[PDB]
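Engineer: Structure for the following, please:
(one chain, ligands or ions: 1)
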Amino acid sequence: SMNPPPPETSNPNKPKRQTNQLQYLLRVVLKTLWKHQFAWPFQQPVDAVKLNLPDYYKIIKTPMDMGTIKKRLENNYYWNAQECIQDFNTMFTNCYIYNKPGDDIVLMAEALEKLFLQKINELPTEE
Ligand SMILES: CC[C@@H]1C(=O)N(C)c2cnc(Nc3ccc(C(=O)NC4CCN(C)CC4)cc3OC)nc2N1C1CCCC1
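Structural biologist: Numbering: from 1, shown residues only. Structure as follows:
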């Protein structure tokens with residue numbers, strides 16, 4: 001309140017490469033998390049105006065969400081799987097910083113994180 005613009009998702013200046021890890025992150029990791037029962041609050045940027053939380057972007061200076069992550073993968077924005085994994089981690093950490101521990105939103109993030117960590121453990125060897 002006001003809302004910032006959403007995170008950048010494309011840069012045609014950035015070099016691009018398709019790898020088996022980035023593919024997996026899109027087609028497996030993002031897809032499985034997106035479809036989870038608890039995914040819906042994490043599918044787009046926090047609208048702090050709509051939610052009437054004017055402090056949200058006073059506290060969270062590195063917002064991230066799965067809608068942004070989806071687009072960055074589509075746009076070949078990431079050179080490395082680690083860049084993408086960091087964005088997921090940022091999304092979770094933001095939720096943990098902003099919200100009271102144990103609140104339902106935190107439990108929802110925790111569940112998605114547990115699933116994300118399981119999929120990351122199965123990240124294919126770079127080929
Ligand atoms: C930004 C803080 C935190 C967070 O970290 N994320 C990511 C977040 C992302 N998106 C949402 N979204 C919504 C949250 C609540 C509602 C909603 O309609 N709540 C009803 C209000 C009336 N009540 C009788 C029934 C419940 C709708 C939402 O989006 C349309 N909430 C989030 N929260 C929550 C904000 C309030 C709890 C914590």
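Engineer: Relative to residue 59, how far out is the closest residue to the ligand within the chain?
Structural biologist: Proximity of the chain to the ligand (CB to the nearest ligand atom) peaks at residue 41, 3.5 Å away. The C-beta positions use only the backbone N, C-alpha and C, and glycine is treated the same way. From residue 41 over to residue 59 the distance is 17 Å, taken as CB to CB, to the nearest Å.
Engineer: Give me the more crowded residue out of these two.
Structural biologist: Between residue 41 and residue 59, residue 41 has the larger neighbour count (other CB atoms under 10 Å), namely 16 against 10.
Engineer: Let me see the contact set for that one.
Structural biologist: By CB atoms under 8 Å, 6 or more residues apart in numbering, residue 41 lies in contact with 105, 108.
Engineer: Over to it. Which of the three states is it?
Structural biologist: helix (DSSP: H, G, I helix; E, B strand; the rest coil).
Engineer: quick one: it and residue 8, what's the gap?
Structural biologist: Residue 41 is 22 Å from residue 8, by CB to CB.
Engineer: ok, now residue 100?
Structural biologist: 30 Å.
Engineer: ok, now residue 26?
Structural biologist: Relative to residue 8, and taking CB to CB, residue 26 is found at 18 Å.
Engineer: Next: residue 63.
Structural biologist: Residue 63 is 12 Å from residue 8, by CB to CB.
Engineer: Repeat that for residue 56.
Structural biologist: For residue 56, the distance to residue 8 - CB to CB - is 19 Å.
Engineer: Compare the two (neighbour count), which wins?
Structural biologist: residue 56 (19 against 11).
Engineer: From residue 84, how far off is the more buried one?
Structural biologist: Taking CB to CB, one finds residue 56 at 24 Å from residue 84.
Engineer: What of residue 59?
Structural biologist: 24 Å.
Engineer: what does residue 72 give?
Structural biologist: 7 Å.
Engineer: Which residues are in contact with each of those two?
Structural biologist: residue 78.
Engineer: which of those two has more neighbours?
Structural biologist: When neighbours are counted by other CB under 10 Å, residue 72 and residue 84 differ, and residue 72 comes out ahead with 24 against 21.
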